[PDB]
Amino acid sequence: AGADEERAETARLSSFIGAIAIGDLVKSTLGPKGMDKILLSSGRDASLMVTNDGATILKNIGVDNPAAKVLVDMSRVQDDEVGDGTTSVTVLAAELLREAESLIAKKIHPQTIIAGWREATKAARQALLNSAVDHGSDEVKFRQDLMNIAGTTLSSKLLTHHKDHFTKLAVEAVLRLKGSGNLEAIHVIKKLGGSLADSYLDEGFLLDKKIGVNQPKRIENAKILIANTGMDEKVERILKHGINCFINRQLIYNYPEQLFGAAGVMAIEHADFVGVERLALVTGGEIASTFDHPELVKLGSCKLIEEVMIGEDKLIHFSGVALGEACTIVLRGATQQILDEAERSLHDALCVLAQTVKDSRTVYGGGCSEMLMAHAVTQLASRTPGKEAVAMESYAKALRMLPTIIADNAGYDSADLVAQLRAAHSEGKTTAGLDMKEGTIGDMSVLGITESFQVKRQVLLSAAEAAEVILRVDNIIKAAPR
Amino acid sequence: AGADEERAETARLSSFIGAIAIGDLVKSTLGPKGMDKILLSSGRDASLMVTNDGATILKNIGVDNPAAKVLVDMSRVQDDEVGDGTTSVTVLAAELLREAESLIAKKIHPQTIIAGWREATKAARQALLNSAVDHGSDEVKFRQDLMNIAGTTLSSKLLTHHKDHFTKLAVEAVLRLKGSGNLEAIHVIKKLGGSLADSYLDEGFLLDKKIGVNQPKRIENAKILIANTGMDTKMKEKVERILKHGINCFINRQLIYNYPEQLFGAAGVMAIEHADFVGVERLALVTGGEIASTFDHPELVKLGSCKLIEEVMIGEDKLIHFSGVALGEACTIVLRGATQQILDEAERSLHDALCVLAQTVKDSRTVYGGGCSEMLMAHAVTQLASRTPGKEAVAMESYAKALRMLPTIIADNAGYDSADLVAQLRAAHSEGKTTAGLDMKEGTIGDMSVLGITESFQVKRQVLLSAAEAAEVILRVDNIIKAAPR
Amino acid sequence: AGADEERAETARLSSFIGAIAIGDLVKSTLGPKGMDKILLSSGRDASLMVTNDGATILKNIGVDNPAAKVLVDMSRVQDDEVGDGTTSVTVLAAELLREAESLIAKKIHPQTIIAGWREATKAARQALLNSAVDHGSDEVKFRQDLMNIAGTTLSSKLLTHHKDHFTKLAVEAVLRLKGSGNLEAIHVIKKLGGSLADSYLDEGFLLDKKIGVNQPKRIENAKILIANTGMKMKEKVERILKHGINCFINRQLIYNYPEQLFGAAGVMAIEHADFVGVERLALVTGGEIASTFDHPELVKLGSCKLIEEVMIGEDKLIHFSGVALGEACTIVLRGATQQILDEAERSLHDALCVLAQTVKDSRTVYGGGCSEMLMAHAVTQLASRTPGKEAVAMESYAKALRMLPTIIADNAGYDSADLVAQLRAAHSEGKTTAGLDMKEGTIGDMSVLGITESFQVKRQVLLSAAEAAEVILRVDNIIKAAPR
Amino acid sequence: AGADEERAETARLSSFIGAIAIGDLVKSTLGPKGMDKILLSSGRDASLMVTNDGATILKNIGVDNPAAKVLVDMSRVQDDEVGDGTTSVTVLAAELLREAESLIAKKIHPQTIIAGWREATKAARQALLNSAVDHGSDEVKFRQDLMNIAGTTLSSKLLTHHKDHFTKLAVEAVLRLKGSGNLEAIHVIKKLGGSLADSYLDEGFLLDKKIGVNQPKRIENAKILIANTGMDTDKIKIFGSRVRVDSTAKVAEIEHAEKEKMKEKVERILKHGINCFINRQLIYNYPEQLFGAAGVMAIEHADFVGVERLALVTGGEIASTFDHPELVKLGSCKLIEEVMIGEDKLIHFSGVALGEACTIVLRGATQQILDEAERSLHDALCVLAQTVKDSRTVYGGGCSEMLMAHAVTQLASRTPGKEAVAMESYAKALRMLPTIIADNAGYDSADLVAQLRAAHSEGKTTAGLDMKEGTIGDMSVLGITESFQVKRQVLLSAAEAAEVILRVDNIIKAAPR
């Protein structure tokens with residue numbers, strides 16, 4: 001028991017097996033016509049879970065002993081930085097292991113081959129520069145704002161009927177974010193109500209809690225009080241300040257509740273901590289401790305806090321923040337499996353194009369980027385010294401699979417597709433790519449599909465470092481089914 | 001049962017297996033292209049742990065009943081006097097056990113063989129006075145201060161692409177530090193914020209704790225109180241003594257009772273809960289000190305320096321900085337990096353840098369790095385087996401071949417063919433060029449001095465002694481006996 | 001499910017197996033280059049500890065069923081009277097068992113062979129009063145007092161690198177001891193401070209304790225108070241001033257309040273002083289009767305020369321001296337400090353017994369196994385001179401002596417057969433000085449080395465080993481009854 | 001297969017197995033070259049014990065189901081009446097069972113052979129008649145005081161090199177003991193010093209203990225105090241409770257109360273002039289210091305067995321609570337001192353007024369074996385008391401057994417009918433004893449039997465088995481003789497013991513499963 005040690009072929013084999021198992025399930029997901037899968041697990045899950053998004057299912061379950069979970073864990077950091085849309089990074093890392101069986105013939109030192117990873121880093125920079133990306137997306141923009149990458153992220157998802165409209169909306173949300181402050185303060189929720197738009201845009205922060213039956217219905221020029229310690233002196237400190245609202249992250253004691261109603265102060269019971277922490281940045285903050293917390297120790301913003309009816313049910317909204325560094329997003333849905341999916345999509349949407357204004361650079365979608373890159377990577381291996389080249393040239397044909405997967409989900413024969421694809425990219429037309437609706441090659445730009453430059457730079461480095469940690473290191477292995 | 005005693009061949013084997021298991025994992029951890037590993041244990045552990053530094057991982061876990069942990073414990077003491085660079089001493093002791101197969105074929109006396117260790121002492125002797133090593137390091141030093149051994153120590157770490165810059169910084173810290181004032185008060189913490197120039201040197205001491213959100217934002221003309229005894233039990237005496245002094249900050253090394261805390265907020269005094277003792281002792285030197293007793297502590301008995309105590313905001317995470325110390329001889333280093341627990345691999349990386357420089361200025365002696373020292377000693381030792389008596393030569397010659405593996409271990413991580421590397425190396429050393437050594441970036445052999453990598457004189461004398469007793473300790477004892485548990 | 005059935009050869013087997021297992025572990029230990037063994041246990045045992053002395057480890061534990069612990073127990077009685085040097089007696093008893101196989105070969109009655117023990121007694125006496133051993137243990141003696149046998153006892157042990165110097169010191173200790181009063185009143189400890197000398201010799205009693213930093217430094221015409229019961233302020237002071245009390249020593253925790261009082265008066269107090277030292281102290285100072293605070297004045301007697309605290313090494317020690325009786329004295333040692341230091345406790349104990357025997361005997365034997373080869377040459381002849389039955393038992397004892405040279409040689413690093421060839425030729429010739437030289441790797445002059453063995457150890461061991469071998473040969477029935 | 005059902009011959013076998021099992025362990029114990037056996041158990045037993053005396057080991061343990069324990073119990077009465085010598089009685093009863101195999105060869109009525117037990121008595125009359133006994137036991141006696149029976153008991157033990165000298169000493173010890181006193185107060189301890197005599201005789205009693213290193217070296221006109229209770233005070237069985245007082249001030253009273261025990265012990269003890277205090281158990285630390293200044297020697301953990309003999313010696317005292325000093329205590333006074341006996345310190349109690357109780361402290365040549373003196377002295381005590389009372393002895397070394405055996409062979413042929421077979425089997429039983437005595441000697445058993453038998457036939461009662469010789473010799477020259485009582489009682493006991501159970505065929509069932 002305890003620690004383990006590994007031997008020649010068996011050590012490599014443990015890493016090799018992990019990559020192949022995950023590649024096939026993620027494979028159906030890529031491209032406009034991907035398909036959903038449902039998984040049931042060993043007693044800590046409670047029921048059947050279906051996730052279109054590849055990253056969510058891998059994070060939730062550590063099924064077995066082989067090295068995969070650490071590789072998997074990393075994809076979420078990538079999601080944070082950019083990696084989202086359609087899952088492809090995991091697939092890309094996985095086929096690099098197939099090359100290793102070939103490598104046994106390469107009887108020398110496998111670690112020498114490893115030098116290929118920062119050669120690959122050169123390849124990443126070789127790829128970047130060598131490929132016409134884009135020149136549009138100045139800021140805000142009348143039509144290049146979207147109806148582009150979000151649509152492609154959506155394309156792999158069935159929802160894209162009513163849903164593609166939602167994706168367009170996501171860009172308006174980033175438009176209010178641009179400036180100095182970073183990517184923060186975005187929260188999204190869904191509701192039970194049918195509408196063709198299937199969404200509404202809300203100016204303030206969305207919360208849903210109420211003090212009790214009694215209390216003023218609306219508060220004006222509101223002051224906000226946040227307490228770290230539970231309620232389980234208050235009137236005296238309260239009256240001088242002119243407090244209009246109290247928010248506590250936990251259980252609230254019953255006695256003060258009677259007081260607040262007569263005073264004309266609205267309090268919130270068991271408010272969630274995550275909303276509260278964001279709020280402190282928003283209202284100028286407060287010093288949260290024991291009941292001494294009132295007056296100067298705390299700063300309170302004061303526009304308007306009220307409970308409003310959103311089409312249907314009643315909700316409470318915080319708005320008019322002096323700081324201007326934080327905002328909130330509210331979506332209303334018709335209700336279905338794909339609407340809470342918007343939770344999946346908005347989180348992803350935020351990272352993809354907030355980034356897009358910052359980059360001022362994007363690349364053509366639909367696999368246009370991959371074939372062109374494949375064309376120029378082949379020359380580079382030859383250009384570099386030959387043993388360096390052997391590792392570099394293997395990398396170059398790796399890019400070939402992406403074109404094949406995009407077409408395969410479309411419904412057209414893969415062999416013919418690879419053939420027609422290369423000739424257009426080789427010629428020098430960057431706009432041309434894979435048109436799945438056509439089944440052949442077409443103009444990507446007419447479609448409006450473009451990918452953030454960062455998704456391409458970041459995927460390359462993420463795959464290189466993640467791939468590098470495998471082949472390099474022992475300590476793992478797999479045994480038998482279920 | 002569980003009595004635990006073994007007979008003849010089997011007993012030797014248990015030690016032999018422990019040495020081989022450890023060597024394969026550690027060899028890959030050596031030098032510039034060295035590798036870090038992840039370890040997972042099912043019981044009473046949270047997740048897989050990854051440690052590049054061999055010494056920290058070996059100390060942490062006592063997985064097996066076979067004797068290995070005892071062997072492991074010995075390297076920390078070495079670390080205090082030096083120990084580090086790249087892990088190697090454990091490897092050298094482990095390879096010694098392989099010749100034991102030869103001993104069975106020897107068919108005479110297992111312990112007459114022990115004479116080889118005596119022979120080894122001569123080997124320790126030869127390395128020390130054979131070869132001209134530094135001639136420089138004439139205190140403080142312009143350019144030659146780093147881009148040397150620290151770079152080699154960091155070599156085993158992936159971070160080196162931007163990390164080598166951090167390594168260079170470490171000697172600057174020793175320049176202010178060095179003298180005989182004391183080898184203490186150097187602290188390292190990493191920050192999850194990124195910039196091109198990773199790592200900043202702070203004027204004073206860096207800490208990360210708060211009484212709570214509660215209390216005033218900053219203090220003026222600060223007075224410092226340190227208490228050995230906890231606040232836990234009284235409120236009245238604490239306020240009375242406090243107000244007269246004007247106390248701006250209270251630091252207690254342990255748990256702090258809640259009642260006084262309300263008082264500090266109203267008064268306008270910032271306190272620190274569960275402050276670590278190591279920071280506190282350093283602080284006393286820094287602040288002029290105090291006599292830390294019971295609540296009789298305030299006023300004259302307490303000495304407190306007063307520049308500024310504040311929470312700045314370095315990058316992302318909030319920290320508290322103590323600076324402007326009147327004494328002037330105790331300073332701290334704050335490291336910044338990309339963002340990983342790997343970045344934490346600074347506490348165990350910095351440590352590697354601090355010990356090396358303090359020893360280097362005073363000893364006025366060093367050895368050439370890159371394995372230059374090892375090949376030279378090896379050439380000299382082969383002769384020795386031939387020139388000394390009867391029993392001594394077989395044992396001694398075997399010891400000599402042990403040195404051969406080190407050239408192999410340094411270039412093995414390179415990716416180049418180890419066999420080709422070993423002989424090319426020997427021809428240059430045999431010739432008489434001490435500067436020449438293994439250049440991993442080159443892939444062949446070159447001039448170590450241009451690189452500037454140098455090993456401290458102390459590292460060579462201790463390793464030789466460490467290797468000698470370490471092999472002996474498992475062997476020296478026969479039939480360990482258990483008396484049946486509680 | 002009762003008694004336990006062992007017969008003829010099987011009963012012999014339980015004894016036979018016990019001797020073979022013990023001999024190999026003790027075999028490493030016999031000589032200058034012996035090997036250290038450590039045992040690790042859980043429960044009442046803290047951790048790894050190492051004993052170089054075979055006798056200490058064997059009786060601390062009863063590892064298994066086979067009969068041998070009773071045999072082991074006997075060695076300790078020897079240890080008190082003579083004991084140490086190196087542990088060799090257990091090995092000789094073991095040697096006897098291998099010939100037991102030949103006893104079945106003989107095919108008649110094992111009991112007749114017992115006559116061999118009679119023969120052994122006669123053989124033992126031949127090693128005695130034959131040739132000359134040592135002459136001139138003049139008493140006091142400037143050079144022959146040590147740097148001899150004690151060094152041999154030490155050679156097996158680690159401390160010998162600087163300790164052989166310590167060994168020289170011990171004889172000075174025995175010389176003051178001499179008179180009519182066997183061996184008594186000697187107290188010794190170790191110190192955490194390092195020095196080349198590794199030991200200082202005090203003229204009185206050494207005690208390590210301090211009341212506190214405060215309190216007057218010097219006491220004269222000192223009166224000493226020892227109390228059974230632990231440490232109200234006024235009762236202690238009123239009685240104290242009239243007496244003139246200069247010091248207080250108690251074998252337990254002492255109350256803080258009185259401590260403050262002592263400093264003003266000029267009286268020094270001691271907390272938790274060891275009881276054993278106190279019992280010795282009473283004989284030394286004339287003693288007293290210790291009860292509650294009624295204890296001062298006449299019921300207590302206080303001797304008065306000089307009591308002072310002297311900085312020793314780094315640990316601050318106090319000395320009691322100037323005893324009118326003169327009967328009891330104390331020894332102080334300062335070592336390297338590597339837990340091996342607590343080991344020095346082991347080696348010193350060896351020093352009081354070995355040297356004291358040398359003082360009374362005025363006789364010794366050549367060391368390095370010189371005595372054993374000589375006796376072996378004489379004994380081979382003896383077996384033939386006796387008829388036949390008488391012959392076989394006497395000769396088996398004779399060949400037993402051959403292993404001792406062999407055991408000395410085995411730990412040396414040189415094989416036993418070669419050692420045997422050279423060794424016998426030198427002893428046979430007539431040079432008693434010649435013996436086993438372990439550093440040499442061959443044979444040499446023992447006297448030049450300075451290694452000698454007490455005369456008593458050779459005559460008692462011969463009788464001792466013979467009887468020890470007998471205790472189980474006679475008994476062919478070892479019984480355990482009705483489990484649990 | 002299994003049920004514990006017995007049928008005809010098998011029932012006989014159960015009696016048979018008990019006899020043979022006991023005989024092999026016992027047989028090696030008989031005579032000069034006897035063997036010691038050591039017995040151990042895990043609990044309700046602490047260590048291996050080795051008993052030379054066959055009777056003592058059998059009494060302590062009832063190992064199994066087959067009958068034999070009751071037969072064993074019989075030798076006890078013999079031991080208190082006449083005692084020991086060598087244990088031979090048990091073996092003789094066992095060999096009676098061996099003929100039984102030949103009995104089924106009879107193929108007839110087994111109980112008419114029982115008449116053999118009626119032949120056993122006839123054999124018994126001749127034992128009285130033919131043996132040659134002795135004439136003389138003057139009282140005290142000059143030359144015939146010993147060198148006789150004590151030596152035969154000793155002969156069985158290998159100590160008979162220097163020891164036969166020690167046996168000779170023992171009669172001097174018995175002469176003072178002799179008469180009215182019965183058996184009490186004889187104590188023996190070894191000394192580690194070599195001498196030809198190997199023994200010394202003391203007028204008083206030796207006890208090995210010391211108060212502590214400090215205390216007066218010697219006391220005279222000594223007064224002795226023995227206490228049933230220790231000097232220790234604090235629990236009382238019923239604690240009186242954890243206890244409640246009135247804070248810390250009164251608890252000072254508790255510590256003070258200890259002093260009162262000290263005060264009573266000194267004040268009362270001083271008036272008497274107390275020289276020596278002996279306590280049978282642990283002694284409280286406070287009093288120990290008091291005794292040293294006073295001039296009084298006390299003994300910590302002095303064991304009780306020495307004390308009871310000591311009490312008879314000093315006239316005794318009534319041991320109770322601290323009121324115990326003065327008159328209720330009678331302390332004889334002559335000399336109590338601790339004397340270096342060259343080797344080890346011991347305390348001598350001497351000058352006892354009673355005179356009845358005395359101690360035989362022997363020095364002798366050293367080894368583990370001097371502890372043998374403990375083994376050997378005990379044998380000496382039992383034989384002399386009987387030797388003085390009987391004034392009759394028979395020749396040892398099996399001389400008695402061969403003579404009787406020669407006579408009985410003739411008897412079988414003379415008696416007609418049913419009776420000779422019964423008589424001859426009893427008669428050949430005697431033959432094994434010469435064999436048992438010879439076998440343990442290590443000499444060949446077969447050779448020994450005929451040569452022995454030929455010498456007896458001549459008419460020499462003195463002639464017997466000489467084990468040291470390996471052949472036959474004159475027992476009388478050796479000086480080995482057995483007391484008259486041991487031979488007449490054993491004959492009656494051996495026959496009767498074996499006789500009942502042969503008679504009964506079937507040890508029956510139970511209820512259970």
# chains A, B, ... in the order shown; residues from 1 in each chain; ligands from 1
>>> residues_around(residues="segment 303-309 of chain B", least_positions_apart="4", cutoff="12 Å", atoms="only C-alpha atoms", output="NGL selection string")
:B and (203-207 or 217-226 or 245-251 or 269-271 or 283-292 or 297-299 or 319-328)
>>> interface_residues(of="chain A", to="chain B", cutoff="6 Å", atoms="only C-alpha atoms", output="PyMOL selection string")
chain A and resi 2+111-112+287-289+473
>>> write_last_selection(atoms="N, CA, C and O atoms", output="compact mmCIF listing (two decimals), in the first residue's frame")
# COMPACT_ATOMS: atom_id res chain seq x y z
N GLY A 2 0.23 2.40 0.31
CA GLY A 2 0.93 3.68 0.35
C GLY A 2 1.42 4.18 -1.01
O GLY A 2 0.63 4.35 -1.94
N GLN A 111 13.12 11.92 -23.19
CA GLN A 111 13.23 13.26 -22.60
C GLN A 111 13.81 14.27 -23.60
O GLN A 111 13.53 15.46 -23.52
N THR A 112 14.66 13.78 -24.51
CA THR A 112 15.24 14.62 -25.57
C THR A 112 14.09 15.19 -26.41
O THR A 112 14.09 16.34 -26.84
N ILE A 287 -16.95 47.89 7.95
CA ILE A 287 -16.12 47.10 8.82
C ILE A 287 -17.07 46.20 9.59
O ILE A 287 -17.75 46.64 10.51
N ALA A 288 -17.02 44.91 9.29
CA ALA A 288 -17.96 43.97 9.88
C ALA A 288 -17.38 43.21 11.05
O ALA A 288 -16.38 42.49 10.95
N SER A 289 -18.05 43.41 12.16
CA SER A 289 -17.68 42.84 13.44
C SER A 289 -18.91 42.80 14.34
O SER A 289 -20.02 42.55 13.87
N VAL A 473 7.06 12.13 -15.40
CA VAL A 473 6.44 11.77 -14.08
C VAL A 473 5.94 10.31 -14.12
O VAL A 473 5.55 9.83 -15.19
>>> interface_residues(of="chain B", to="chain C", cutoff="9 Å", atoms="only C-alpha atoms", output="PyMOL selection string")
chain B and resi 3+108-113+476-486
>>> residues_around(residues="residue 102 of chain A", least_positions_apart="4", cutoff="12 Å", atoms="only C-alpha atoms", output="PyMOL selection string")
chain A and resi 96-98+106-107+110+390-391+394
>>> write_last_selection(atoms="C-alpha atoms", output="PDB file, in the first residue's frame")
ATOM      1  CA  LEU A  96      -0.002  13.342 -28.388  1.00  0.00           C
ATOM      2  CA  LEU A  97       0.307  10.106 -26.328  1.00  0.00           C
ATOM      3  CA  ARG A  98      -0.371   7.943 -29.476  1.00  0.00           C
ATOM      4  CA  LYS A 106      12.935   6.084 -31.460  1.00  0.00           C
ATOM      5  CA  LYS A 107      15.230   4.038 -29.150  1.00  0.00           C
ATOM      6  CA  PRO A 110      12.276  10.193 -24.684  1.00  0.00           C
ATOM      7  CA  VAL A 390      11.070  14.918 -35.722  1.00  0.00           C
ATOM      8  CA  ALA A 391       9.255  16.093 -32.590  1.00  0.00           C
ATOM      9  CA  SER A 394       4.631  15.106 -35.359  1.00  0.00           C
TER      10      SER A 394
END
>>> residues_around(residues="segment 305-307 of chain C", least_positions_apart="3", cutoff="6 Å", atoms="only C-alpha atoms", output="PyMOL selection string")
chain C and resi 319-320+322
>>> write_last_selection(atoms="N, CA, C and O atoms", output="PDB file, in the first residue's frame")
ATOM      1  N   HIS C 319      29.363  21.804  45.216  1.00  0.00           N
ATOM      2  CA  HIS C 319      30.156  20.742  45.858  1.00  0.00           C
ATOM      3  C   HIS C 319      30.117  20.744  47.393  1.00  0.00           C
ATOM      4  O   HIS C 319      30.316  21.770  48.041  1.00  0.00           O
ATOM      5  N   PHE C 320      29.838  19.569  47.956  1.00  0.00           N
ATOM      6  CA  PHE C 320      29.850  19.370  49.406  1.00  0.00           C
ATOM      7  C   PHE C 320      31.183  18.701  49.776  1.00  0.00           C
ATOM      8  O   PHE C 320      31.480  17.609  49.298  1.00  0.00           O
ATOM      9  N   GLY C 322      34.761  18.445  52.888  1.00  0.00           N
ATOM     10  CA  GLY C 322      35.230  18.679  54.243  1.00  0.00           C
ATOM     11  C   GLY C 322      34.525  17.801  55.253  1.00  0.00           C
ATOM     12  O   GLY C 322      34.039  18.271  56.280  1.00  0.00           O
TER      13      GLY C 322
END
>>> atom_distance(atom1="atom CA of residue 172 of chain C", atom2="atom CA of residue 195 of chain C")
19.5 Å
>>> residues_around(residues="residue 503 of chain D", least_positions_apart="3", cutoff="9 Å", atoms="only C-alpha atoms", output="PyMOL selection string")
chain D and resi 111+114+499-500
>>> select_by_dssp(residues="segment 346-461 of chain B", states="helix (DSSP H, G or I)", output="count of residues only")
78
>>> interface_residues(of="chain D", to="chain C", cutoff="6 Å", atoms="only C-alpha atoms", output="compact mmCIF listing (two decimals) with C-alpha atoms, in the first residue's frame")
# COMPACT_ATOMS: atom_id res chain seq x y z
CA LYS D 37 13.77 -32.29 37.22
CA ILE D 38 12.41 -28.72 36.75
CA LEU D 39 8.67 -27.87 36.46
CA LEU D 40 6.95 -24.63 35.25
CA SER D 41 3.44 -23.27 34.65
CA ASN D 214 23.70 5.00 57.85
CA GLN D 289 16.26 8.70 60.25
CA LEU D 290 15.24 8.67 63.93
CA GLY D 442 25.52 -45.10 34.05
>>> residues_around(residues="segment 373-384 of chain B", least_positions_apart="3", cutoff="6 Å", atoms="only C-alpha atoms", output="PyMOL selection string")
chain B and resi 127+368+387+397+400+403+429
>>> residues_around(residues="segment 409-421 of chain A", least_positions_apart="3", cutoff="10 Å", atoms="only C-alpha atoms", output="ChimeraX atom specification")
/A:27-35,156,367-368,371-372,400-401,403-406,424-426,432-442
>>> select_by_dssp(residues="segment 257-489 of chain D", states="strand (DSSP E)", output="ChimeraX atom specification")
/D:276-279,297-299,335-340,345-350,393-395,463-466,471-474,481-483
